[PDB]
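Enquirer: Requesting a structural model of the entry that follows:
(one chain, ligands or ions: 2)
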Amino acid sequence: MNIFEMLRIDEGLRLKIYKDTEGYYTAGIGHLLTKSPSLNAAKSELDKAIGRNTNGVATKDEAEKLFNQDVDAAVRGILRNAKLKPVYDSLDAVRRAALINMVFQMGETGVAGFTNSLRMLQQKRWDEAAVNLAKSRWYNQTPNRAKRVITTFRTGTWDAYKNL
Ligand SMILES: [Cl-]
Ligand SMILES: [Cl-]
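Expert: Numbering: from 1, shown residues only. Ligands and ions are numbered 1, 2, ... in the order given. For reference, the structure is listed below:
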């Protein structure tokens, strides 16, 4: 197991433009296209991202390429964020993947907002952080996914993803 596999399980893969859990136009492996209510605006963002007239449909290879870029950007966003960097640096490899997953899903800003949990993770107070992480809209809106990530932070193993 690794970050790619982990996110591929959490996000799935869809070649046509679809609406995510929040109703936003997305494509491929969780690649958010726009928060605008306009399908055309979405088609437009997809073409600009891929570099061709897609007509709202990507190929597998294109999706995978977007995915690689997105993971890369998530990591780099973490390393450049003064509140995130220090946490990431203190964590072991498995837990780091947990933090990347959250950033990919909610953006650097969103995650940096979990002040209390971040402090707990930095201090290595696993059970406590897990409880605090769960008191969030994130957990209430996407509980199955949130549980997988939280277990990952709690245990430091890939147990929640083995079976998937
Ligand atoms: Cl892009
Ligand atoms: Cl979920």
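Enquirer: Now do stretch 68-80: distance to the chain's middle.
Expert: From the chain centre to the centre of stretch 68-80 is a distance of 10 Å (C-alpha atoms, centre = their mean, to the nearest Å).
Enquirer: Kindly report the same for stretch 144-162.
Expert: How far stretch 144-162 lies from its chain's middle: 14 Å, per C-alpha atoms, centre = their mean.
Enquirer: near ligand 2 at all, that stretch?
Expert: Yes: figure legend: stretch 144-162 in contact with ligand 2 (C-beta under 5 Å from the ion); contacting residues 144-145. C-beta: built from backbone N, CA, C; applies to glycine.
Enquirer: If we go by neighbour counts, what in that stretch is buried?
Expert: Of the residues in stretch 144-162, 145-154, 156, 158, 160-161 count as buried by neighbour count, 16 or more other C-beta atoms under 10 Å.
Enquirer: List of residues touching the longest strand seen in the chain?
Expert: Of all the segments assigned as strand in the chain under DSSP state E, the longest by residue count is strand 14-19. Residues from elsewhere that reach strand 14-19, judged by C-beta atoms under 8 Å, 6 or more residues apart in numbering: 25-28, 33, 39, 42-43, 46, 56-60, 63.
Enquirer: And residue 142, how far from residue 106?
Expert: Separation of residue 142 from residue 106 (C-beta to C-beta, to the nearest Å) stands at 10 Å.
Enquirer: Kindly apply the preceding question to residue 67 instead.
Expert: Here the criterion is C-beta to C-beta. By it, residue 67 lies 17 Å from residue 106.
Enquirer: Looking at those two, which one has more neighbours?
Expert: Remark: of residue 67 and residue 106, residue 67 carries more neighbours, 20 against 15, as counted by other C-beta atoms under 10 Å.
Enquirer: The more buried one: which element?
Expert: With the criterion set as DSSP states H and E, the secondary-structure element containing residue 67 is helix 60-80.
Enquirer: Return the distance of that helix from the chain's centre.
Expert: The gap between where helix 60-80 is centred and where its chain is centred comes out at 10 Å by C-alpha atoms, centre = their mean.
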